[PDB]
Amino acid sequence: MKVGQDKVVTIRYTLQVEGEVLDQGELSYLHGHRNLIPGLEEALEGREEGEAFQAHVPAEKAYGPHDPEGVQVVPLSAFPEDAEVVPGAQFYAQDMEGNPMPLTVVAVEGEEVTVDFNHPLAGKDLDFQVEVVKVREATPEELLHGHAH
C-alpha cells in the first residue's frame, strides 16, 4: 500500500537540525489532513511500506518561519511567584479561545522579560532520515476525528 490521502502511515525517523539529532523515534499520522509538517508529508506522498529515504525540509515547509510578532516583553510579575524565570524556561499563556499558548523565556532584564511564542523550531531548516514502517487505511472514526487513533 502506498502513502496517500486518508492513509494512516507509521514512520521511523531521525530529525536533524544543523548537524545535530534533536529527536528520534516512531510516529503514526493520518495523511492529507494537515497532521504532519507539510514538507515531510510531501516527501512521504506515494512511498511504499518499507521504503527508506532522506528529506531536507526548509523552515517554510516545516514549522514555519520565525514570526517577529511571537516575541514580546512582559513584566516579571506576570510569572508564578515560585518560578525560575530564566532563558530557556518554558511556560504558557492563554489565547482568546482559552487554549494554552506555550512560550520560551528569551531574556530577562531587571523587570522586563522577553518571551517567544514561536515554535522552538520555527525558522530552522530540518533534515529527516525516514523509514515507512506501515501504511493502512484510516477507519471511519479516524476520518471523523481527523487523526490516527
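We number the residues from 1 along the sequence you see. Take the two forms, superpose them, and find the largest set of C-alpha atoms that agree within 1.5 Å; that set is the rigid core.
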| query | finding |
| --- | --- |
| Core-fitted comparison in 9 other deposited structures of this protein, 100-108 vs 54-62, farther C-alphas | 100-108 |
| Segment of greater CA departure in 9 other deposited structures of this protein, 28-36 or 110-118, core superposed | 110-118 |
| 46-54 versus 27-35 - greater average Cα B-factor per the deposited record | 46-54 |
| Of 136-144 and 122-130, the stretch whose C-alpha atoms average the higher B-factor in the entry | 136-144 |
| Highest-ranked of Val86, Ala59, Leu103, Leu40 once sorted by CA temperature factor in the record | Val86 |
| Third assignment of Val8 from its chain's C-alpha B-factors | lowest |
| Relative C-alpha B-factor of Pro80, binned into the chain's lowest, middle or highest third | highest |
| CA B-factor placement of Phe117, once the chain's modelled residues are sorted into thirds | lowest |
| Entry-reported Cα temperature factor of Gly70, expressed as the chain third it lands in | lowest |
